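Encoded as C-alpha cells, the following chain is the form deposited in one PDB entry, with no partner shown.
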C-alpha cells in the first residue's frame, strides 16, 4: 500500500497493539477532512489505509491515539495524541511511544 503506520511501545518493548489511528487530508478550506482510519494489529502495524489512486499529492495528517493506549495500561501520559503532518509528494510512518515522550519517523522508499 501507499501508506503504512507502525507503532512501538518503549515501556514494554513491544508492538503497540490496538492503537487508534486517524488519517486526515487537508481540504481547500484549510480544514482536515477524515480520510481513513484503523487500529494497529498484534504486530503493531496498520495496513490498507488507502490506495495509490486515492492517495494523491496533498498535505496529510495522521493522528495516533496515544493517550487511550496509555490509559488502557494504567500509565498516565502527557500527550493527547501523536500527530504527524506531511506533504505527500511508499510511506511508512513509524512511531515510538513513551508516556512523556514520542518520536515519529518516516521511511519513504
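Each form is matched to the other, and the largest set of C-alpha atoms that superpose within 1.5 Å is called the rigid core. Only residues modelled in both forms are compared. Numbering follows the first chain given and starts at 1.
One more form of this protein should be noted, the form deposited in another entry, which is absent from this view; the next part is about it.
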{"item": "Option from 52, 80, 57, 42 moving between the shown form and the other one, CA shift at or above 2 Å, rigid core reference", "value": "80"}
{"item": "Rigid core superposition, residue 26 Cα moves 2 angstroms or more between the shown form and the other one", "value": "no"}
{"item": "Sense of the change in Cα distance from residue 80 to residue 32 in that other deposited form - at least 3 Å versus the shown form", "value": "farther"}
{"item": "Shifted regions of at least three residues between the shown form and the other one, judged by C-alpha displacement of 2 Å or more after core alignment", "value": "66-80"}
